[PDB]
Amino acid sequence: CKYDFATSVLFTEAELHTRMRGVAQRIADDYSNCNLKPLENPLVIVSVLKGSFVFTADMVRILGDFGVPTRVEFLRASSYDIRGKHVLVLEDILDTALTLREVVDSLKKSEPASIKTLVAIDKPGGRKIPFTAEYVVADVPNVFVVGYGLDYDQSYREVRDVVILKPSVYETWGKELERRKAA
């Protein structure tokens, strides 16, 4: 494997970008009837921190290529003026769906014109409640991944690819954390 800390690369940066261009064309078509414009009427991108920052940076630039002007806002996942605006919530990963369920419900209170979700990685086998994202860049099985914004204990977000974390990484670290707690 390309990375000492991973056992498999699931999606390279290039694969993700290719899939994101496909998604951006769908978004561009779906919102074509909305007369989106910079300043007057942008698509409001609501980015769920921390991990979504990389996906958000890449996706708004690709959305711009496809003619979809945006305005970004940032929400903190640890905590979990769109009235009359179209809103697209962006999450790095969707797993139990508990986070996005709450984020969407919260935003709905402010009466946006519409609200949809776009996720880079969907783990469809991880749900604790029924939830479907309108737009999904890639599906992964129930394995633990890092990269493209996704962390293990705040590290590895900067890895360019989505990779399966090698178990000795969290076994080693977990022991060190537990050793520090007893010392």
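The term rigid core refers to the most C-alpha atoms you can superpose between the two forms while keeping them within 1.5 Å. Numbering starts at 1 and follows the sequence shown.
Of 47-55 and 126-134, the stretch whose C-alpha atoms sit farther from the shown form in 8 other deposited structures of this protein, after fitting on the rigid core, is 47-55.
Of the other structures of this protein that model both sides of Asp81, a third or more give it no coordinates. Unmodelled residues of the deposited sequence between neighbouring positions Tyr80 and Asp81 number 10 or more. Between 32-40 and 114-122, the higher mean Cα B-factor belongs to 32-40. For the two regions 132-140 and 53-61, the entry's Cα B-factors average higher over 132-140. Taking the deposited Cα B-factors for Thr18, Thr172, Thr12, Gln25, the highest one is held by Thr172.
You'll see in the entry that, of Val89, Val72, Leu107, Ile93, the Cα B factor peaks at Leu107.
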